[PDB]
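Here is the structure we will look at.
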Amino acid sequence: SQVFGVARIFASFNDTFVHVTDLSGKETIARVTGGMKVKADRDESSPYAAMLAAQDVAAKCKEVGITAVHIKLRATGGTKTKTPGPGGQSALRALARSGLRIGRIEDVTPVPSXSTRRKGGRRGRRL
RNA sequence: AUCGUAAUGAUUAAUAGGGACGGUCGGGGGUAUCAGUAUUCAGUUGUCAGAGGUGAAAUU
Ligand SMILES: CC[C@H]1CN2CCc3cc(OC)c(OC)cc3[C@@H]2C[C@@H]1C[C@H]1NCCc2cc(O)c(OC)cc21
Ligand SMILES: [Mg+2]
Ligand SMILES: [Mg+2]
């Protein structure tokens with residue numbers, strides 16, 4: 001029936017990666033970031049840039065033959081934030097609204113089982 | 001020295017303490033040992049123009 005890729009959406013708070021691979025992830029099909037859609041750094045992670053990135057990703061997927069994708073959303077994780085960035089929701093809605101078919105959705109944010117020391121110092125970053 | 005007298009001679013066990021013992025109970029300690037993902041670094045792979053960071057930037 002359908003041909004599945006894997007839409008690996010990495011939504012940090014400074015950028016948004018929309019990366020579609022095969023099932024294994026060893027073959028990259030399309031990787032469009034929110035920074036390729038705007039010329040200002042402050043909105044590289046904007047929902048608008050993520051939507052444009054997703055539309056370009058869907059267009060590239062269609063001409064290669066990918067008709068459906070599984071979703072692996074992730075935040076920065078590690079010692080940094082575990083909540084996904086603002087662009088991951090827009091890239092997901094744009095992908096679903098672009099004619100690509102959606103399979104399983106999962107959050108794959110890296111979470112330590114403890115961890116290393118987090119930047120900022122003992123008193124945190126004072127603002 | 002022996003013998004005879006005598007009701008012959010030792011206070012409780014403290015909701016003080018100490019000790020023993022019996023099933024436990026603890027992220028109490030020491031010495032080994034076994035996980036976990038994460039971080040970074042490295043090796044292979046895949047694409048292609050940005051990535052990072054910020055209030056905005058810039059160093060990179
Ligand atoms: C860390 C040293 C200063 C440097 N200056 C330059 C001018 C400027 C202009 C802004 O607006 C154009 C702006 O955005 C807020 C931030 C700044 C920064 C703020 C900072 C003061 C800090 N101490 C208290 C106030 C405050 C508030 C914040 O939100 C905030 O976040 C980074 C930080 C702070
Ligand atoms: Mg303050
Ligand atoms: Mg007693």
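Letters for chains follow the order of the structure tokens (A, B, ...), residue numbers begin at 1 for each chain, and ligand numbers begin at 1 in the order shown.
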Could you build a table of the residues in chain B lying no more than 10 Å from chain A, giving for each the nearest pair of atoms and their separation in Å rounded to one decimal place, using only C-alpha atoms (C1' of nucleotides), ordered by chain and ascending residue number, as CSV?
residue,atom,partner,partner_atom,distance
B:36,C1',A:113,CA,5.9
B:37,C1',A:113,CA,4.8
B:38,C1',A:112,CA,3.9
B:39,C1',A:116,CA,6.0
B:45,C1',A:26,CA,6.5
B:46,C1',A:27,CA,4.2
B:47,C1',A:28,CA,5.0
B:48,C1',A:31,CA,8.0
B:49,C1',A:36,CA,7.8
B:50,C1',A:36,CA,7.3
B:51,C1',A:35,CA,8.9
B:52,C1',A:14,CA,8.6
B:53,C1',A:14,CA,8.1
B:54,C1',A:42,CA,8.1
B:55,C1',A:42,CA,9.5
B:56,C1',A:42,CA,7.6
B:57,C1',A:41,CA,9.0
Hey, can you spit out that residue selection with C-alpha atoms (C1' of nucleotides) as a PDB file, in the first residue's frame?
ATOM      1  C1'   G B  36      21.073   2.596  32.955  1.00  0.00           C
ATOM      2  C1'   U B  37      20.465   6.211  29.554  1.00  0.00           C
ATOM      3  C1'   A B  38      22.631  10.775  28.929  1.00  0.00           C
ATOM      4  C1'   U B  39      27.150  13.955  27.712  1.00  0.00           C
ATOM      5  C1'   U B  45      27.006   5.184   6.613  1.00  0.00           C
ATOM      6  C1'   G B  46      22.986   9.112   4.076  1.00  0.00           C
ATOM      7  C1'   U B  47      21.718  13.944   2.059  1.00  0.00           C
ATOM      8  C1'   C B  48      22.867  19.522   1.441  1.00  0.00           C
ATOM      9  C1'   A B  49      23.490  25.007   3.470  1.00  0.00           C
ATOM     10  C1'   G B  50      23.537  26.494   6.980  1.00  0.00           C
ATOM     11  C1'   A B  51      24.268  25.060  12.413  1.00  0.00           C
ATOM     12  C1'   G B  52      24.982  27.108  17.202  1.00  0.00           C
ATOM     13  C1'   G B  53      23.610  31.041  20.786  1.00  0.00           C
ATOM     14  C1'   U B  54      20.454  35.330  22.251  1.00  0.00           C
ATOM     15  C1'   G B  55      15.775  40.052  24.074  1.00  0.00           C
ATOM     16  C1'   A B  56      18.528  41.086  19.512  1.00  0.00           C
ATOM     17  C1'   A B  57      23.292  39.826  18.174  1.00  0.00           C
TER      18        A B  57
END
ask   = chain A: which residues are helix (DSSP H, G or I) by DSSP, as a ChimeraX atom specification?
value = /A:34-36,41-43,47-64,86-96
Any chance you can output those residues with N, CA and C atoms as a compact mmCIF listing (two decimals), in the first residue's frame?
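Final file, out-v6.txt:
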# COMPACT_ATOMS: atom_id res chain seq x y z
N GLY A 34 14.18 25.22 9.77
CA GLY A 34 13.51 26.51 9.82
C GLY A 34 14.40 27.68 9.50
N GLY A 35 15.71 27.51 9.63
CA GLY A 35 16.66 28.55 9.30
C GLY A 35 16.89 28.74 7.82
N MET A 36 16.45 27.78 7.00
CA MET A 36 16.50 27.91 5.56
C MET A 36 15.32 28.67 4.99
N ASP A 41 17.82 35.32 12.51
CA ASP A 41 18.10 34.24 13.45
C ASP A 41 17.00 34.11 14.50
N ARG A 42 16.35 35.22 14.87
CA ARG A 42 15.40 35.18 15.98
C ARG A 42 14.17 34.34 15.69
N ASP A 43 13.86 34.07 14.42
CA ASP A 43 12.67 33.30 14.08
C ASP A 43 13.02 32.06 13.25
N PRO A 47 7.02 28.92 14.33
CA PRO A 47 6.06 27.99 13.71
C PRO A 47 5.91 28.21 12.22
N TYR A 48 6.00 29.46 11.76
CA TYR A 48 5.89 29.73 10.34
C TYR A 48 7.04 29.09 9.57
N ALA A 49 8.25 29.22 10.10
CA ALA A 49 9.39 28.62 9.42
C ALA A 49 9.29 27.11 9.45
N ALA A 50 8.76 26.55 10.54
CA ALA A 50 8.60 25.10 10.59
C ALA A 50 7.56 24.63 9.58
N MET A 51 6.48 25.40 9.40
CA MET A 51 5.47 25.04 8.41
C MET A 51 6.02 25.09 6.99
N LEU A 52 6.79 26.13 6.66
CA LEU A 52 7.41 26.17 5.34
C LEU A 52 8.40 25.04 5.15
N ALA A 53 9.17 24.73 6.19
CA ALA A 53 10.12 23.63 6.09
C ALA A 53 9.39 22.32 5.87
N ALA A 54 8.26 22.13 6.55
CA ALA A 54 7.50 20.90 6.38
C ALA A 54 6.90 20.82 4.99
N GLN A 55 6.44 21.95 4.44
CA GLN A 55 5.87 21.90 3.10
C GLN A 55 6.92 21.53 2.07
N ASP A 56 8.13 22.09 2.20
CA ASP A 56 9.22 21.70 1.31
C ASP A 56 9.61 20.23 1.50
N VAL A 57 9.55 19.75 2.74
CA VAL A 57 9.85 18.34 3.00
C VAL A 57 8.82 17.45 2.33
N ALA A 58 7.54 17.80 2.46
CA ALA A 58 6.48 16.99 1.87
C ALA A 58 6.59 16.98 0.35
N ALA A 59 6.90 18.13 -0.24
CA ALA A 59 7.08 18.20 -1.68
C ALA A 59 8.23 17.32 -2.13
N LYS A 60 9.35 17.35 -1.41
CA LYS A 60 10.45 16.46 -1.77
C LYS A 60 10.08 15.00 -1.58
N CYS A 61 9.32 14.68 -0.53
CA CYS A 61 8.93 13.30 -0.28
C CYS A 61 8.06 12.76 -1.40
N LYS A 62 7.16 13.60 -1.92
CA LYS A 62 6.20 13.11 -2.91
C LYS A 62 6.92 12.72 -4.19
N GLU A 63 7.92 13.51 -4.60
CA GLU A 63 8.58 13.22 -5.86
C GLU A 63 9.54 12.05 -5.75
N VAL A 64 9.88 11.62 -4.53
CA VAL A 64 10.71 10.43 -4.37
C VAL A 64 9.85 9.19 -4.18
N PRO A 86 8.64 25.24 19.76
CA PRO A 86 7.37 25.67 19.14
C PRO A 86 7.20 25.21 17.70
N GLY A 87 8.28 24.90 16.98
CA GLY A 87 8.15 24.50 15.59
C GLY A 87 7.75 23.05 15.35
N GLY A 88 7.89 22.18 16.35
CA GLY A 88 7.56 20.78 16.12
C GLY A 88 6.08 20.55 15.90
N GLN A 89 5.24 21.36 16.53
CA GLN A 89 3.80 21.21 16.37
C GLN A 89 3.37 21.72 15.00
N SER A 90 4.03 22.77 14.51
CA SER A 90 3.67 23.30 13.21
C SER A 90 4.17 22.38 12.11
N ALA A 91 5.39 21.86 12.26
CA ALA A 91 5.89 20.94 11.24
C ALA A 91 5.05 19.68 11.18
N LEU A 92 4.52 19.25 12.33
CA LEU A 92 3.65 18.07 12.33
C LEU A 92 2.30 18.37 11.68
N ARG A 93 1.71 19.53 11.98
CA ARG A 93 0.42 19.84 11.37
C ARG A 93 0.57 20.07 9.87
N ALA A 94 1.66 20.72 9.45
CA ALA A 94 1.86 20.95 8.02
C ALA A 94 2.08 19.64 7.29
N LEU A 95 2.85 18.72 7.89
CA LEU A 95 3.07 17.43 7.24
C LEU A 95 1.75 16.68 7.11
N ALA A 96 0.92 16.71 8.15
CA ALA A 96 -0.36 16.02 8.08
C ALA A 96 -1.30 16.66 7.06
key: Shortest interatomic distance to ligand 2 - which of A:127, A:108, A:75, A:66, counting only C-alpha atoms and all ligand atoms   = A:127
key: Test item: residues no farther than 10 Å from ligand 3, counting only C-alpha atoms (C1' of nucleotides) and all ligand atoms, as a ChimeraX atom specification   = /B:13-17
I need the chosen residues saved as a PDB file, in the first residue's frame, with N, CA and C atoms (P, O5', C5', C4', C3', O3' and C1' of nucleotides).
ATOM      1  P     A B  13      10.899  -9.066  92.623  1.00  0.00           P
ATOM      2  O5'   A B  13      10.873  -7.870  91.582  1.00  0.00           O
ATOM      3  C5'   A B  13      11.471  -8.048  90.313  1.00  0.00           C
ATOM      4  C4'   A B  13      12.192  -6.813  89.851  1.00  0.00           C
ATOM      5  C3'   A B  13      12.814  -6.943  88.462  1.00  0.00           C
ATOM      6  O3'   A B  13      12.875  -5.663  87.829  1.00  0.00           O
ATOM      7  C1'   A B  13      14.480  -6.435  89.999  1.00  0.00           C
ATOM      8  P     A B  14      11.570  -4.781  87.569  1.00  0.00           P
ATOM      9  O5'   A B  14      11.449  -3.888  88.875  1.00  0.00           O
ATOM     10  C5'   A B  14      12.469  -2.964  89.243  1.00  0.00           C
ATOM     11  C4'   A B  14      11.960  -1.545  89.228  1.00  0.00           C
ATOM     12  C3'   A B  14      11.669  -0.977  87.842  1.00  0.00           C
ATOM     13  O3'   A B  14      10.551  -0.103  87.905  1.00  0.00           O
ATOM     14  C1'   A B  14      13.236   0.386  88.930  1.00  0.00           C
ATOM     15  P     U B  15       9.331  -0.302  86.893  1.00  0.00           P
ATOM     16  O5'   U B  15       9.698   0.612  85.650  1.00  0.00           O
ATOM     17  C5'   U B  15      10.318   0.063  84.501  1.00  0.00           C
ATOM     18  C4'   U B  15       9.926   0.814  83.258  1.00  0.00           C
ATOM     19  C3'   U B  15       9.940   2.327  83.355  1.00  0.00           C
ATOM     20  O3'   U B  15      11.235   2.873  83.184  1.00  0.00           O
ATOM     21  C1'   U B  15       7.937   1.608  82.321  1.00  0.00           C
ATOM     22  P     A B  16      11.868   3.821  84.305  1.00  0.00           P
ATOM     23  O5'   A B  16      12.951   2.902  85.014  1.00  0.00           O
ATOM     24  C5'   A B  16      14.010   2.320  84.273  1.00  0.00           C
ATOM     25  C4'   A B  16      15.247   3.167  84.364  1.00  0.00           C
ATOM     26  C3'   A B  16      16.304   2.926  83.320  1.00  0.00           C
ATOM     27  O3'   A B  16      15.969   3.454  82.058  1.00  0.00           O
ATOM     28  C1'   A B  16      17.320   3.238  85.420  1.00  0.00           C
ATOM     29  P     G B  17      16.652   2.839  80.751  1.00  0.00           P
ATOM     30  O5'   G B  17      18.183   3.203  80.936  1.00  0.00           O
ATOM     31  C5'   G B  17      19.167   2.519  80.195  1.00  0.00           C
ATOM     32  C4'   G B  17      20.417   2.264  80.994  1.00  0.00           C
ATOM     33  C3'   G B  17      21.211   1.074  80.513  1.00  0.00           C
ATOM     34  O3'   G B  17      21.984   1.361  79.368  1.00  0.00           O
ATOM     35  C1'   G B  17      20.952   0.910  82.830  1.00  0.00           C
TER      36        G B  17
END
Quick one: which chain A residues come within 12 Å of ligand 2, and what is the nearest atom pair for each with the distance in Å to one decimal, counting only C-alpha atoms and all ligand atoms, rows ordered by chain and ascending number, as JSON lines?
{"residue": "A:124", "atom": "CA", "partner": "ligand 2", "partner_atom_place_in_ligand_line": "1 (Mg)", "distance": 11.2}
{"residue": "A:125", "atom": "CA", "partner": "ligand 2", "partner_atom_place_in_ligand_line": "1 (Mg)", "distance": 9.6}
{"residue": "A:126", "atom": "CA", "partner": "ligand 2", "partner_atom_place_in_ligand_line": "1 (Mg)", "distance": 6.5}
{"residue": "A:127", "atom": "CA", "partner": "ligand 2", "partner_atom_place_in_ligand_line": "1 (Mg)", "distance": 4.8}
Just write the chosen residues, N, CA, C and O atoms, as a compact mmCIF listing (two decimals), in the first residue's frame.
# COMPACT_ATOMS: atom_id res chain seq x y z
N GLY A 124 22.60 29.25 38.79
CA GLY A 124 21.83 29.41 37.58
C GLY A 124 22.25 30.64 36.81
O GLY A 124 23.20 31.34 37.15
N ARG A 125 21.54 30.88 35.72
CA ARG A 125 21.82 32.06 34.90
C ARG A 125 20.95 33.19 35.42
O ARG A 125 19.72 33.11 35.38
N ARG A 126 21.58 34.23 35.95
CA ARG A 126 20.86 35.31 36.62
C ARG A 126 20.45 36.31 35.56
O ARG A 126 21.29 36.83 34.83
N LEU A 127 19.16 36.61 35.51
CA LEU A 127 18.67 37.57 34.54
C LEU A 127 18.12 38.81 35.23
O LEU A 127 17.19 38.73 36.03
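With CA of residue 18 (chain A) on one side and CA of residue 45 (chain A) on the other, the separation reads 11.4 Å.
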request  = Could you give me the residues within chain A that DSSP places in strand (DSSP E), as number ranges by chain?
outcome  = A: 4-11, 16-21, 28-33, 68-74, 101-107
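Using only C-alpha atoms, the nearest neighbour of residue 101 (chain A) within the list A:38, A:7, A:73, A:68 is A:68.
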